[PDB]
Every structure is written in structure tokens, then in C-alpha cells.
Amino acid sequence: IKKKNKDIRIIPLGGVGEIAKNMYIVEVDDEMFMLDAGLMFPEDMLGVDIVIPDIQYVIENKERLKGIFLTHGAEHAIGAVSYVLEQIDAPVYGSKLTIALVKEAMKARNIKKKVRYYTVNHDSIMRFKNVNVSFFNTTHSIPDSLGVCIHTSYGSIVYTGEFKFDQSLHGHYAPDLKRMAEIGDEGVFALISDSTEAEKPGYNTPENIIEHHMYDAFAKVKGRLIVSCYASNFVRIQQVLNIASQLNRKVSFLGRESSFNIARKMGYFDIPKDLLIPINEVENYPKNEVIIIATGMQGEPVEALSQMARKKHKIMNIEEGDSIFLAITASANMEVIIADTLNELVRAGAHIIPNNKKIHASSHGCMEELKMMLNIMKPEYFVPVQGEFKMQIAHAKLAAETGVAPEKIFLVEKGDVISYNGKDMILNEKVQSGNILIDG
């Protein structure tokens, strides 16, 4: 008698009907797994710093939680982890970089409670009573990103995390195409995949082409340059460093960097000597010899840029003639603050470097990249996540184009329970879900 699985549940607690705050619960009989535990920055809400998922359902069932599996070190994947760990004790699995960044987050909140970290890579197989869990490298804007593969007797449940495909990224950004093909060939029962850019035809612009266009843009800047991006966009940061070196500009960080210091020590960045300067040293240089990378005190870049624009920032403000490169991907949640910030910058006499119409810059696969993942995985059932409802619908259309049966595509809201019993996949239950608002 071999152990066989009977009942599966997939429950989004965050990351659907929105693009951040990923958190997906998978249950296989009496074992429960949490896939990601992200935060989201507040929508144009009052006195809120961050929003995290309501995990009451997990707390009610906490004796069954076997682990928290983190795909990558960005706030969309790990921003709620410290808050989850206050409520429940479970092991935390993630790549070496992901684990280091979670530790830094715990340290920043002065949480001294013991945590069971377990570093994993693409050769790790974690064995539980009901299932085994394996991992594969993905391409994203932070290295050491992993997809998660839960092996069941019905086939695999694959969670992509956030990903794209771009042959100009290498090393710790290279995707495990052969391992992914093997997972697909062996049989995927359900694919849970990132819908963020599912509305956008084609492919993301390759990062080499982006870097070349950034060079051209930056070369035209006559005064100071401020780059606004996520601290977790290591690709963009590296590009800025490269370009600064070529243009004889110094680089200074404005924002909490913790992430950079940790990643540099682990060897993730290529940094010229004498390139980086402390932020208090910037006013000592000519304006045309500095780039400031402004990533946000809390990790939210547009808030920091808004402060600078309105001359409200504690450390450094915008001045007339400054140029702004906004390297962020707008969401519905953010479109008001972005619009307001752009207006504030123009009022302040700053120059916003235009979007190139020929460039589509994102960290998430556009249609053809999502189709590539669908065609490699060949899932039986499909659950588009990480998106507003319209993105999830666009992704569902891609799945149907690739051959997924339309009746096997599930469009879910937070708290919905997709369930399988070996006979039928249903959506017939809801659990508690929602937004927990966090301030200072």
C-alpha cells in the first residue's frame, strides 16, 4: 500500500484582485503550505504604511501548516513574513538570498524570536508526509528566484512566483528551462502563474536593450539624476551602476541600503571602486556628476519621490533642473500617487525622462512569456494569480490559447477555495480573507 493523496485545496489570501501581497495556501490532505507572504503598499487609505494578508484561516488550522515557501526576496513575496511569524511558528524555506533578506527584516523590527530558516536551491527536495516539494530557478529582477513544485499523486502543483523570460539575463538570473520541461513532461495538475503583464502583447524588452536606452537617456541629462525604483530591482540597480561608471557619475543611495549591503557581501553586484558615495557627500559634487537611487524608507519608491518633489524629504529634496527616471511598473493601487507625483515634479521644475514607446520594461512576463510557461508546463488546471481581475482574465485567455481546457481555468478572488477530490475541481467554499492595515 503506497500513500496516495485524496483532497487538494488552493486558496489565495493575497495577490488576486491586486498585484502585490502574494500569499497562496495549498493543502494536500492534512498538510498545509503557504506560498509567499507579501505586502502591498497602501492605496490612496489614510495613515497606513503597509497592508498584509489576513491569515485567520491559517491560524484556525495552524497545526497543519508545514512551511512558508518564499520565491524571491522582494516585498511582494516576503513583506508580511515577520508578521506571519508573530502569529504562527512554521519553517521558512527560500533561496540563500531570500533567507538573508528575511533575517534583515526580522532584525529591522527587533524580533528576536527563534525562526527555523531552511535554505533551498534548485536541487533541494523537501519531503513531508503527503508530498515532496522541489524548486526550479526562474528569471526575475532579483537573483536566486525560485518556482515551487508540490508533487502529488494527481501530478504537480506549480507556483511560478513572479517571473519573465529574457535571454540577456544570466548567472543567478538564468531560468531552469530543462527542469521546467521535465516537470511539464512528468505531469502538472495545476499551474499557479503571474498575471501582472498578461494584457501586454509580445515579450518584455530585453534588459540589454533597456540598459542601452538608459545609457542614451542618462547621457542627455545636464544636471542631477534621480532614479526611482524598488530596492529589490537588482537588475536596474546594476544597470545604473554600470552607466554611472561610463558617464563619470557617482552613485548614492537614498533609502533604508540594507538589501544592497547584504547582496554585495554575498557577491551579487559588480561595483567599480570609488563609484558609491554617502548621501551627505552628494552636494559636494557638480550636479552633473551624481545619480541618486531613491528606493523609499519603507521600500516604496514613489512615496519617497513625492516627498522629494514637495521638498518634504528629511534628507534630500528635488531642485529645479533635476531629471527623474521612474523605473517602476504602475498598478491600479498606485496610479493616483504616481499621477500626483509627476505633477509635483513638473511644478518643481524637474524633468521627467519620457518612456520610450519602443520599450516595455517590466519584471513580469508579457503574453508570449506567459505562453512559454504554459506550453512548458502543460497544466491540466490553471489558476492565474498576481493580478487585478482584468489581468487574471487576460492570462486565462492565454491559457485557453495554449490548449488548457476552459472549464479547467479558475478565476478566483481572495478567500475562494478551489478544491479537488480526485473526481471534480470545484469552487464552492470561501474562507476569511482581507487586508490588514499596518502603521508605524
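When you see a residue number, it is the position in the sequence shown, counting from 1.
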property: Unmodelled stretch of the deposited sequence separating residue 256 from residue 257, binned as none, 1 to 3, 4 to 9 or 10 or more; result: 1 to 3
property: Count class of deposited residues lacking coordinates, residue 44 to residue 45; result: 1 to 3
property: Selected stretch [higher average CA B-factor]: 229-237 or 326-334; result: 326-334
property: Stretch with the greater mean C-alpha B-factor as recorded in the entry, comparing 238-246 against 269-277; result: 269-277
property: Most elevated Cα B-factor in the entry, residues 175, 202, 184, 299; result: 299
property: Most elevated Cα B-factor in the entry, residues 359, 188, 305, 198; result: 359
property: Chain-wide C-alpha B factor ranking for residue 194, given as lowest, middle or highest third; result: lowest
property: Residue 413, C-alpha B-factor rank within chain (lowest, middle or highest third); result: lowest
property: Chain third (lowest, middle, highest) by recorded CA B-factor, residue given as residue 94; result: lowest
property: Third of chain Cα B-factors occupied by residue 218; result: middle
property: Ranked C-alpha temperature factor of residue 147 among modelled chain residues, by third; result: lowest
